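Peer 1: First the structure, then my questions, so here it is.
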Amino acid sequence: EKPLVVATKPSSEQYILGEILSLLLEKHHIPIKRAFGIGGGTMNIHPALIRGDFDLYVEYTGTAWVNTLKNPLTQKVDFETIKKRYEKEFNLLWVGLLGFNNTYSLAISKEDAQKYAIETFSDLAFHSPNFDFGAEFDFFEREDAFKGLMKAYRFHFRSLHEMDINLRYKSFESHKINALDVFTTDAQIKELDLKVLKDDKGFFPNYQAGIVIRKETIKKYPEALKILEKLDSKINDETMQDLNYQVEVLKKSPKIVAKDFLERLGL
C-alpha cells in the first residue's frame, strides 16, 4: 500500500495539470502524493515511472516521440504508434488526450489578420513584407524553427528581430514587431487577444497532452482509469490558455485553478 504518485515537469502549465490529476483522484478518496517539478522532465520522470516510484504524469506526444521513443520530429507524430509502443515496451498506458496541443505557432494582431485576410502561415508568408517578425534567440538557431519555416513557406519578412524570450510580447505591444512566435497554450494569447495562425503545411510537430499511467496501477485501481477518462477532450487550446492565464496573469495558485476547473466540469 502506497499513495499514487503524480509527477510533473517544472512548468506552470504542468503544475496546473498535476493539480487537476491530484485533486480529481483525491475527490474519489484515492490517496495521492505530489512529486511536482521534476528537473529534466521526461528523462528523469520516465525511469521512475517504469520502476513504480511514480504512477502517472501528463506527457506531450511529440516529447514522447523524440525522447522516449527516439523517433524523428520530421516524421508526423503518430499517437496510435505511441500508445502501442508505450504498452508493449514500458507497460504504460496513455489514458487518452486532454484536448490541447502545446506547440509553436505564429501570431499577429486580430486587426492585421482582418486587414490582410490572414488565417494561415501561407497567408502570413504571402503578406510578410508588411510584417516585422520577432522571436527569442533560440528560434533563429536550427532547422527545427525559423530556418525550417523559411524552407517550408518562403517568408519575406520586412525585418527580423531576436531578443530575450521574455521581451517578445512587450516588443509586439510597442510595435517594434508585429508578428511573433507563440506556444499555442500561452497565457499571453488571451492576455494580448492575439490571432494565432494555422500551420497549413504542418511544419511544427504535434505535442498533444495526455495522461500516462502505469498499467500495473490501472490493474490495481480500475476506477482510476474511469475517473481519469472523464478528462479526455475536456481541455482544448483555448481552455489551457485560460488556465495558464489564471496562474500567470491573475496570480491564482495552480491548485485553486485546478479546483475551480474541475468544479466547472462537474467533476
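So you can find residues: chains in the C-alpha cells are A, B, ... in the order shown, residues in each start at 1, and ligands are numbered from 1 in order.
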If we count only C-alpha atoms, what is near stretch 36-47 of chain A at a cut-off of 9 Å, once residues fewer than 2 positions away on the same chain are taken out, given as a PyMOL selection string?

Peer 2: chain A and resi 6-12+14-15+18+34+49-54+57+59+63-64+67-68

Peer 1: Find the residues around residue A:189 up to 12 Å (only C-alpha atoms counted), leave out those fewer than 2 positions away in its own chain, and share them as a VMD selection string.

Peer 2: chain A and resid 105 to 110 169 172 180 to 187 191 to 197 237 to 245 249

Peer 1: Which residues are near residue A:132? Cut-off 10 Å, only C-alpha atoms, ignore same chain within fewer than 3 positions. Put them as a PDB file with N, CA, C and O atoms, in the first residue's frame.

Peer 2:
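Result file part-v4.pdb:
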```
ATOM      1  N   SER A 128       4.038  38.806 -45.878  1.00  0.00           N
ATOM      2  CA  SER A 128       5.136  39.033 -44.943  1.00  0.00           C
ATOM      3  C   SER A 128       5.927  40.326 -45.161  1.00  0.00           C
ATOM      4  O   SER A 128       6.499  40.820 -44.177  1.00  0.00           O
ATOM      5  N   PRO A 129       6.019  40.914 -46.357  1.00  0.00           N
ATOM      6  CA  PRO A 129       6.687  42.222 -46.455  1.00  0.00           C
ATOM      7  C   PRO A 129       6.031  43.322 -45.631  1.00  0.00           C
ATOM      8  O   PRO A 129       6.637  44.387 -45.453  1.00  0.00           O
ATOM      9  N   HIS A 156       9.110  36.414 -46.548  1.00  0.00           N
ATOM     10  CA  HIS A 156       9.936  37.578 -46.858  1.00  0.00           C
ATOM     11  C   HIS A 156       9.564  38.696 -45.891  1.00  0.00           C
ATOM     12  O   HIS A 156       9.043  39.738 -46.285  1.00  0.00           O
ATOM     13  N   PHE A 157       9.835  38.471 -44.605  1.00  0.00           N
ATOM     14  CA  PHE A 157       9.532  39.491 -43.611  1.00  0.00           C
ATOM     15  C   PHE A 157      10.301  40.777 -43.906  1.00  0.00           C
ATOM     16  O   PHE A 157      11.445  40.757 -44.369  1.00  0.00           O
ATOM     17  N   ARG A 158       9.653  41.908 -43.611  1.00  0.00           N
ATOM     18  CA  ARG A 158      10.282  43.210 -43.760  1.00  0.00           C
ATOM     19  C   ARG A 158      11.500  43.341 -42.861  1.00  0.00           C
ATOM     20  O   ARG A 158      12.487  43.987 -43.236  1.00  0.00           O
ATOM     21  N   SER A 159      11.452  42.739 -41.675  1.00  0.00           N
ATOM     22  CA  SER A 159      12.588  42.761 -40.770  1.00  0.00           C
ATOM     23  C   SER A 159      12.476  41.575 -39.829  1.00  0.00           C
ATOM     24  O   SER A 159      11.404  40.983 -39.669  1.00  0.00           O
ATOM     25  N   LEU A 160      13.618  41.228 -39.223  1.00  0.00           N
ATOM     26  CA  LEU A 160      13.728  40.156 -38.244  1.00  0.00           C
ATOM     27  C   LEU A 160      14.395  40.708 -36.997  1.00  0.00           C
ATOM     28  O   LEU A 160      15.347  41.493 -37.091  1.00  0.00           O
ATOM     29  N   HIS A 161      13.903  40.281 -35.834  1.00  0.00           N
ATOM     30  CA  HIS A 161      14.392  40.772 -34.553  1.00  0.00           C
ATOM     31  C   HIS A 161      14.512  39.596 -33.598  1.00  0.00           C
ATOM     32  O   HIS A 161      13.551  38.844 -33.416  1.00  0.00           O
ATOM     33  N   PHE A 172       5.991  43.284 -29.218  1.00  0.00           N
ATOM     34  CA  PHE A 172       4.795  43.331 -30.045  1.00  0.00           C
ATOM     35  C   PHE A 172       3.909  44.506 -29.646  1.00  0.00           C
ATOM     36  O   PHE A 172       3.397  45.233 -30.505  1.00  0.00           O
ATOM     37  N   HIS A 175       5.055  47.841 -30.981  1.00  0.00           N
ATOM     38  CA  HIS A 175       5.154  47.859 -32.443  1.00  0.00           C
ATOM     39  C   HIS A 175       6.575  47.721 -32.963  1.00  0.00           C
ATOM     40  O   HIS A 175       6.800  47.888 -34.167  1.00  0.00           O
ATOM     41  N   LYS A 176       7.541  47.403 -32.104  1.00  0.00           N
ATOM     42  CA  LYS A 176       8.854  47.032 -32.615  1.00  0.00           C
ATOM     43  C   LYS A 176       8.737  45.830 -33.542  1.00  0.00           C
ATOM     44  O   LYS A 176       9.439  45.739 -34.561  1.00  0.00           O
ATOM     45  N   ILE A 177       7.852  44.896 -33.201  1.00  0.00           N
ATOM     46  CA  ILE A 177       7.475  43.802 -34.082  1.00  0.00           C
ATOM     47  C   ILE A 177       5.957  43.779 -34.181  1.00  0.00           C
ATOM     48  O   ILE A 177       5.248  44.335 -33.338  1.00  0.00           O
ATOM     49  N   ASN A 178       5.452  43.134 -35.234  1.00  0.00           N
ATOM     50  CA  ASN A 178       4.010  42.952 -35.378  1.00  0.00           C
ATOM     51  C   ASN A 178       3.662  41.521 -35.779  1.00  0.00           C
ATOM     52  O   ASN A 178       2.533  41.249 -36.210  1.00  0.00           O
ATOM     53  N   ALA A 179       4.607  40.604 -35.601  1.00  0.00           N
ATOM     54  CA  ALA A 179       4.384  39.175 -35.759  1.00  0.00           C
ATOM     55  C   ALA A 179       5.413  38.483 -34.882  1.00  0.00           C
ATOM     56  O   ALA A 179       6.540  38.973 -34.754  1.00  0.00           O
ATOM     57  N   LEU A 180       5.035  37.357 -34.277  1.00  0.00           N
ATOM     58  CA  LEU A 180       5.954  36.691 -33.360  1.00  0.00           C
ATOM     59  C   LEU A 180       5.615  35.213 -33.251  1.00  0.00           C
ATOM     60  O   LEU A 180       4.548  34.754 -33.671  1.00  0.00           O
TER      61      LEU A 180
END
```

Peer 1: Kindly indicate which residue among A:165, A:5, A:232, A:29 lies nearest to residue A:208, using only C-alpha atoms for the distances.

Peer 2: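 Of A:165, A:5, A:232, A:29, the one nearest residue A:208 is A:232, counting only C-alpha atoms.
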
Peer 1: Point out the residue among A:148, A:222, A:134, A:96 with the least atom-to-atom distance to residue A:168, counting only C-alpha atoms.

Peer 2: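 Residue with the minimum atom-to-atom distance to residue A:168: A:134.
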
Peer 1: Just how far from atom CA of residue A:26 is atom CA of residue A:255, in Å to one decimal?

Peer 2: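 Interatomic distance, atom CA of residue A:255 to atom CA of residue A:26: 12.6 Å.
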
Peer 1: Give me the residues within 9 Å of residue A:28 as number ranges by chain, counting only C-alpha atoms and dropping any in the same chain fewer than 3 places off.

Peer 2: A: 23-25, 31, 224, 227

Peer 1: Let me see the file: selected residues, N, CA and C atoms, as a compact mmCIF listing (two decimals), in the first residue's frame.

Peer 2:
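Result written to again-v7.txt:
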```
# COMPACT_ATOMS: atom_id res chain seq x y z
N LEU A 23 -6.18 16.45 -7.51
CA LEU A 23 -7.44 16.80 -6.86
C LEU A 23 -8.56 15.87 -7.32
N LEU A 24 -8.56 15.48 -8.60
CA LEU A 24 -9.62 14.61 -9.09
C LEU A 24 -9.55 13.25 -8.42
N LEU A 25 -8.35 12.69 -8.31
CA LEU A 25 -8.20 11.40 -7.64
C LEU A 25 -8.53 11.52 -6.16
N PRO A 31 -5.62 7.87 -2.32
CA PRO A 31 -4.51 8.65 -1.74
C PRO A 31 -3.48 9.03 -2.80
N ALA A 224 -9.56 4.26 -11.17
CA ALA A 224 -8.72 5.40 -11.56
C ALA A 224 -8.78 5.63 -13.07
N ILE A 227 -12.15 7.31 -13.86
CA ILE A 227 -12.14 8.68 -13.37
C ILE A 227 -11.32 9.57 -14.30
```

Peer 1: Looking only at strand (DSSP E) from DSSP on the backbone, list the matching residues of stretch 19-120 of chain A as a list in words.

Peer 2: residues 32, 33, 34, 35, 56, 57, 58, 59, 60, 92, 93, 94, 104, 105, 106, 107, 108 and 109 of chain A

Peer 1: What separation in Å, quoted to one decimal, exists between atom CA of residue A:76 and atom CA of residue A:205?

Peer 2: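 If I compute the distance from atom CA of residue A:76 to atom CA of residue A:205, I get 6.7 Å.
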
Peer 1: Which one is closest to residue A:66: A:217, A:32, A:113, A:82? Count only C-alpha atoms.

Peer 2: A:82

Peer 1: Quick one: distance from atom CA of residue A:151 to atom CA of residue A:73 in Å, one decimal?

Peer 2: 15.8 Å
